[PDB]
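In what follows, a single structure is set out as structure tokens and then discussed.
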Amino acid sequence: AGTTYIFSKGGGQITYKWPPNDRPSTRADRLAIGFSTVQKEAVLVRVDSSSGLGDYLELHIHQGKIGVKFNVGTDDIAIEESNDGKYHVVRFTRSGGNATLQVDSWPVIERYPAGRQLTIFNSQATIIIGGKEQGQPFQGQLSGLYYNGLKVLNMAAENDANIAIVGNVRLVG
Amino acid sequence: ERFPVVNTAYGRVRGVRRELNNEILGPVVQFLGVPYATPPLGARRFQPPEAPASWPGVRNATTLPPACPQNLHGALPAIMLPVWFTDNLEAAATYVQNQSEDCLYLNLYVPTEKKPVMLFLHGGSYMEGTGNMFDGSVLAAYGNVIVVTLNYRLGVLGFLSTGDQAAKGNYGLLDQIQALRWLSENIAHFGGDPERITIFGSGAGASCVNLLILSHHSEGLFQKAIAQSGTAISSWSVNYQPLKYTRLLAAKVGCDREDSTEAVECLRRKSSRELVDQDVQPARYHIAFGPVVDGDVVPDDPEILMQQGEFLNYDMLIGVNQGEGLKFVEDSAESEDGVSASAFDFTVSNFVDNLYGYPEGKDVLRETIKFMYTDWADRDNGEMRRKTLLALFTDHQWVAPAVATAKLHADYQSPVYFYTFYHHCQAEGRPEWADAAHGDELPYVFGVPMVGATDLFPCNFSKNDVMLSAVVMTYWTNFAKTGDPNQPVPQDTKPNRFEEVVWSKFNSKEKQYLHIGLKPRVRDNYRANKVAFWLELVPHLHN
Amino acid sequence: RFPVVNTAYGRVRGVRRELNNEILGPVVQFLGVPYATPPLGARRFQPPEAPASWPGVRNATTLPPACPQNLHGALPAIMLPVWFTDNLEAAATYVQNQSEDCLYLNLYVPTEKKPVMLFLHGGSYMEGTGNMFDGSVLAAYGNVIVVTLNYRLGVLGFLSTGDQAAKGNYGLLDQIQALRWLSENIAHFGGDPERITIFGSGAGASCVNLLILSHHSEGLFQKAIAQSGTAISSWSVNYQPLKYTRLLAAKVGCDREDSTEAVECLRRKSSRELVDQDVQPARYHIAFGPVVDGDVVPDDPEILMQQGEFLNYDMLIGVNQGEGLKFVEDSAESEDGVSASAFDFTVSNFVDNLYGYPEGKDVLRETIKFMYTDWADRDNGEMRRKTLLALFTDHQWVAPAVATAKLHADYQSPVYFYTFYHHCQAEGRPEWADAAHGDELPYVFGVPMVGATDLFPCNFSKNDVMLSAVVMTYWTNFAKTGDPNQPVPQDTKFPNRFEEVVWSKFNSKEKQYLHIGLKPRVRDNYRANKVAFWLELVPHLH
Ligand SMILES: *[C@@H]1O[C@H](CO)[C@@H](O)[C@H](O)[C@H]1NC(C)=O
Ligand SMILES: *[C@@H]1O[C@H](CO)[C@@H](O)[C@H](O)[C@H]1NC(C)=O
Ligand SMILES: *[C@@H]1O[C@H](CO)[C@@H](O)[C@H](O)[C@H]1NC(C)=O
Ligand SMILES: *[C@@H]1O[C@H](CO)[C@@H](O)[C@H](O)[C@H]1NC(C)=O
Ligand SMILES: *[C@@H]1O[C@H](CO)[C@@H](O)[C@H](O)[C@H]1NC(C)=O
Ligand SMILES: [Ca+2]
């Protein structure tokens, strides 16, 4: 509904690069997107750490359902809202190991991982969206992407050097 | 105004407009004894700090606030205290003369020339130190930056814990954290940028700053940090047996109640002055009272947190003086000859037992280390064996732990410039064969030489030294603004040895570091041979 | 112009040969002179007996036959000189007349009472011949008489069983026998009886150390030299004579339970039959060689020298920079460095082969792992090769050598230490390589002074040739009064830096030695740190 990005045949990606000396490291994070697709299997938005670091965030599709998996340094834990081609908004937030997710006005789903665990998504490097290089490029519509006070797609519309577009993509207007 | 006034969220304060004795730097608007927390006098004792109640009118904040409780005529740990601190002991006592339980106050040194913010942590030990000792004016007069000094709970009053909810201890850090929060919401009124807050400590304070870097509570209260001479993992950095030391403390006090909470109440009902005067003697190279693994401040041992990389990538400066355990070489410090063979082993044997106390593997370490720190070119000389003994200790407590800090941090893509100090000022008490010692850099950071010889550091300095003193602060302030000690202000005399020098980062693979001194140069691996022995080999000999 | 002399066993005729070089004059050579009975029948595996006198004039002017030794038989290249492996064919040319009777010696006499210098050949305890080195340059250069010979080797020289049936150590008995003959024969040769000295390298160096501790060496030689070798190296002497001898007999065919019966079995087998057999010893150990007999070796060499039961003789020792070239051979042919995993692998097999101690191995493996690794360029790879090479060199050659020197010095004996760094620019040898074990020999014999040979196809240089000359002077001078500087202060005789550096005595407290090389100069220690490691720290790890 908002700033709409369309992934055409095969799809593509907008790639946003953090400056080497300004890469952040946050215990808690906020994620929010509005998609419109009917894919039964795909990966929507992946965000991995720098080289040599296994902390990473993935928000994907499995059997048409929207699941999110992630690791902060110890292991993987996944939560899913157990897509119809319309502008459905999904908000994903975390605080260290604590993880919560919700789609539109549906009841919130939250996880409380057990045991001592790391609590920082150490040294993020870049943001991947659409799964162009994950083997599951996304083909649909994405509006209102958001990340802990950084809506990259809006910066993508601003034509910034840190950001780079690649693959099959179309913009409204 | 020569007697300016300023406003804060808690009211208004009156400061001074002192003029420094130099003729190159401008005026500084100082502030003395600014409150930042409720004085924990009554039941508040051994409770987390609370922000102070706002005052009406204008507060006369132009006098040095009272020092926090601490004893000088006692068995203080001389091993970890800065050398100058023990030398001119009575001079230090002069500064700590108004001990009062309402010690939570902080100062400022606003210069005239948004201003960058530099905050300081003091403390040679964890049971000693009053911020007033250091005159922050000069630095603020040279870097056009905000210098802040603060007091916090010390000794038993700050780090008393049973390990349970009745007593968590670690209060001092909380007080420092609170002040940072205070500086977060106040400094802008004085003209200092809240987004460029930097913390630099030394010795025991150096241990504090790292704890903050690992703190959960300190998530966004600064951006940069400095450290020096002991980072996080020294034998004395963190206590682990608080319960054992508390029990005897209360026993010597008298009310050694079986339950901690009952013990907590009795102490809360006992005068503060009595607590300080009471004597507690911890095992050598260990701290009776100090920060402990709790869960709310430090979730786990710093090594564990550091290994997995638990921190929000604050740029760091870490350094160590060449020879720092001067006080550790004490008995033979005043011998015309060196350390004898009969006395050399004994030193090592005692050292190994105290730290690596273990009956299973003792001699293997005892023999191996014995050989390692002995230049066989002059095996029987004796005199040079003293230096290595000094080199032995300093390597273990400061160099190696600091190196481990840098590598681990660098491994997680965090800007870190390692440094090292070799120059020193001729001190009457210090021996000729000594070198830049633990605490022979704080004056340079504060630029005391610019002012000249003072009560704390009567040893005068040469013009050459003065030139360097400017160099270091230029580097420090350079970092405070951008982070690259070169970026903002190119170096200058203001010949100059430090003109072409380019200070690189500290990559884990290539351990490039800066060798500050009379002849600054960029080396690649500080004492590579020894450091590896203390981080890779020595762990394996414990099965 | 064929000189003739009258020995105690008869008259012999030599050859007054000439040399291509001019400053050195003609030299008289007697070749293949016997000095004991051919150990053919029952005499085999028995102490040597005096040679049989001959009538008229002996025609000794030709190279004698070589002792039995299967050259092509697989043998440990680790303990042999590199040149002995790169020029196997050159030796084969030299060793082509294998005869069980080989107890002869080849003399050398200058033209212009002089000292006598006895050489000991053989990299291992099985190969080499006196004819290998046509040592004649030294004789005239030092106006000394150069003596080279052959001795019973391994099977025929040192077979033992722990009993009187097989005493072994007969090779040494050949040595002293040769010394005894020289004592009573060299008298009417211009040789100075009070300047008889013995020297060698590798295996021979080991023999020299053993000779010094023998009870059969009373008198005879006075001084001695030993380069690249000691009596303490793992391969200096054997400690399982029965096992190797037993499995040899089984390989032979008649391994009777009684030792005497096995001796008869061997004594009834032909020389070529037994010698060609192969017995594979445990790596870094000797199948055959001197053992703790008591007759020649009262005890393990280190034990006696502790006690210092010998008549303190003036000695010269040295070791080349890197003497384990072959020890890095499989990995020597990699463009990059040695892999960390491979380097540890190689180090892992090094420790167990030498210690294998149940009490603790990882500790020694760990301690050595950290120590011999320059941490400045941890991931060099190339450096790792150098250390791995160096490591071997200290343990097998340098560290044992320093210990023996100290012990000998401790018992107030004139001891002089040196080290070799320069080496030939051999094409086969890698450019990055260094002075390998035995590489000093051509410069000891001035091979460059007379041009390269099948032994040493080296593109020598003006610097190389002169370097040998100064080297000879030290050796020769030391053989005169026990000082490498007393008789003749060195002179080029051809920017010479050798006239000013003065050899100093090797005191235990200050390890002064001589750094033979392009830029000679005295140093106070040889990798002092490492030496103490292999002598002090490691033993404390029981
Ligand atoms: C995260 O989970 C832990 C474990 O239950 C809990 O103690 C903590 O309060 C949680 N934090 C938040 C922000 O929910
Ligand atoms: C502050 O101190 C000055 C000098 O002592 C005095 O004149 C003034 O009245 C004081 N004001 C307050 C509010 O304390
Ligand atoms: C100041 O220090 C210098 C050292 O260079 C010394 O020569 C001089 O005597 C000192 N002056 C005083 C007054 O101590
Ligand atoms: C043998 O002696 C004769 C004369 O005595 C001499 O011509 C000949 O060269 C000698 N040959 C050898 C091999 O000694
Ligand atoms: C040996 O080879 C080197 C380089 O290949 C050359 O300079 C030199 O002249 C050669 N010497 C001889 C004698 O062939
Ligand atoms: Ca992690």
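Just so we're on the same page: first chain in the structure tokens is A, next is B, and so on; residues restart at 1 for each chain, and ligands are numbered from 1 in the order they show up.
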Given a cut-off of 10 Å, which residues of chain A touch chain B, counting only C-alpha atoms, written out as a PyMOL selection string? chain A and resi 20-27+50-53+73-74+116-125
Just N, CA, C and O atoms for this one: save the residues we selected as a CSV table (one decimal), in the first residue's frame.
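After the write, result06.csv holds the following:
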chain,number,residue,atom,x,y,z
A,20,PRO,N,32.0,0.2,6.7
A,20,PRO,CA,32.7,-0.8,7.5
A,20,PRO,C,32.9,-0.5,8.9
A,20,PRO,O,32.8,-1.3,9.8
A,21,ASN,N,33.1,0.8,9.2
A,21,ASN,CA,33.4,1.2,10.6
A,21,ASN,C,32.1,1.7,11.3
A,21,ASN,O,32.2,2.1,12.5
A,22,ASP,N,30.9,1.5,10.7
A,22,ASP,CA,29.7,1.9,11.3
A,22,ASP,C,28.7,0.8,11.3
A,22,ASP,O,27.5,1.0,11.5
A,23,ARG,N,29.1,-0.4,11.2
A,23,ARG,CA,28.2,-1.6,11.3
A,23,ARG,C,27.7,-1.6,12.8
A,23,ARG,O,28.5,-1.6,13.7
A,24,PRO,N,26.4,-1.7,13.0
A,24,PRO,CA,25.8,-1.7,14.3
A,24,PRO,C,25.9,-3.1,15.0
A,24,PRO,O,26.3,-4.1,14.4
A,25,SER,N,25.4,-3.2,16.2
A,25,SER,CA,25.3,-4.4,17.0
A,25,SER,C,24.2,-4.2,18.1
A,25,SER,O,24.5,-3.6,19.1
A,26,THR,N,23.0,-4.8,17.8
A,26,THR,CA,21.9,-4.4,18.7
A,26,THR,C,21.3,-5.7,19.3
A,26,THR,O,21.1,-6.7,18.6
A,27,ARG,N,21.1,-5.7,20.6
A,27,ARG,CA,20.4,-6.8,21.2
A,27,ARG,C,19.0,-7.0,20.7
A,27,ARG,O,18.6,-8.1,20.2
A,50,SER,N,28.5,-10.4,9.3
A,50,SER,CA,29.7,-10.3,8.5
A,50,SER,C,30.4,-11.7,8.4
A,50,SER,O,29.9,-12.7,8.9
A,51,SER,N,31.5,-11.7,7.6
A,51,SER,CA,32.1,-13.0,7.4
A,51,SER,C,32.7,-13.5,8.7
A,51,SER,O,33.1,-12.8,9.6
A,52,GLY,N,32.6,-14.9,8.8
A,52,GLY,CA,33.1,-15.5,10.0
A,52,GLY,C,32.1,-15.5,11.2
A,52,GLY,O,32.5,-15.9,12.3
A,53,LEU,N,30.9,-14.9,11.0
A,53,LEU,CA,30.0,-14.7,12.1
A,53,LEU,C,28.7,-15.4,11.8
A,53,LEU,O,28.1,-15.1,10.7
A,73,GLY,N,24.2,-16.7,17.8
A,73,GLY,CA,25.5,-17.2,18.1
A,73,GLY,C,25.5,-18.6,18.7
A,73,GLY,O,26.5,-19.2,18.7
A,74,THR,N,24.3,-19.0,19.1
A,74,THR,CA,24.2,-20.4,19.7
A,74,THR,C,23.6,-21.4,18.8
A,74,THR,O,24.1,-22.4,18.5
A,116,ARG,N,20.8,-20.5,28.8
A,116,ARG,CA,21.7,-19.3,28.6
A,116,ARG,C,22.0,-19.3,27.1
A,116,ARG,O,22.3,-20.3,26.5
A,117,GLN,N,21.9,-18.1,26.6
A,117,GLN,CA,22.2,-17.9,25.1
A,117,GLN,C,22.8,-16.5,24.9
A,117,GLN,O,22.6,-15.6,25.7
A,118,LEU,N,23.5,-16.3,23.8
A,118,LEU,CA,24.0,-15.0,23.4
A,118,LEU,C,22.8,-14.1,23.3
A,118,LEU,O,21.7,-14.5,23.1
A,119,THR,N,23.1,-12.8,23.3
A,119,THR,CA,22.1,-11.8,23.3
A,119,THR,C,22.4,-10.6,22.3
A,119,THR,O,21.8,-9.5,22.6
A,120,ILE,N,23.2,-10.8,21.3
A,120,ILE,CA,23.5,-9.7,20.4
A,120,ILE,C,23.7,-10.2,19.0
A,120,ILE,O,24.6,-11.1,18.8
A,121,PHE,N,23.0,-9.7,18.0
A,121,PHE,CA,23.2,-10.0,16.6
A,121,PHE,C,24.5,-9.3,16.2
A,121,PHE,O,24.4,-8.2,15.5
A,122,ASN,N,25.6,-9.9,16.5
A,122,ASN,CA,26.9,-9.2,16.4
A,122,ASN,C,27.2,-8.7,15.0
A,122,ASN,O,27.0,-9.5,14.0
A,123,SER,N,27.6,-7.5,14.9
A,123,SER,CA,28.2,-7.0,13.7
A,123,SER,C,27.5,-7.3,12.4
A,123,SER,O,28.0,-8.1,11.5
A,124,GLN,N,26.3,-6.7,12.2
A,124,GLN,CA,25.6,-6.9,11.0
A,124,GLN,C,26.3,-6.2,9.9
A,124,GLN,O,27.0,-5.2,10.1
A,125,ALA,N,26.2,-6.8,8.7
A,125,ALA,CA,27.0,-6.3,7.5
A,125,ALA,C,26.1,-5.7,6.4
A,125,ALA,O,26.3,-4.6,6.0
Per DSSP on the backbone, what are the alpha helix (DSSP H) residues of region 203-319 of chain B, as a ChimeraX atom specification? /B:204-214,242-253,260-268,272-277,302-308
If we count only C-alpha atoms, what is near residue 297 (chain C) at a cut-off of 10 Å, once residues fewer than 6 positions away on the same chain are taken out, given as a PyMOL selection string? chain C and resi 169+210-211+213-216+290-291+304
Neighbouring residues of ligand 5 are defined here as those with any atom at most 8 Å from a ligand atom, counting only C-alpha atoms and all ligand atoms; list them as an MDAnalysis selection string. chainID C and resid 427 458:461
Would you mind listing what lies within 10 Å of region 352-362 of chain C as a ChimeraX atom specification, with only C-alpha atoms counted and same-chain residues fewer than 3 positions away left out? /B:540-541 /C:234,282-285,347-349,365-369,541-542
Name each residue within 10 Å of ligand 4, counting only C-alpha atoms and all ligand atoms, as a ChimeraX atom specification. /C:2,12-15,30-32,57-63
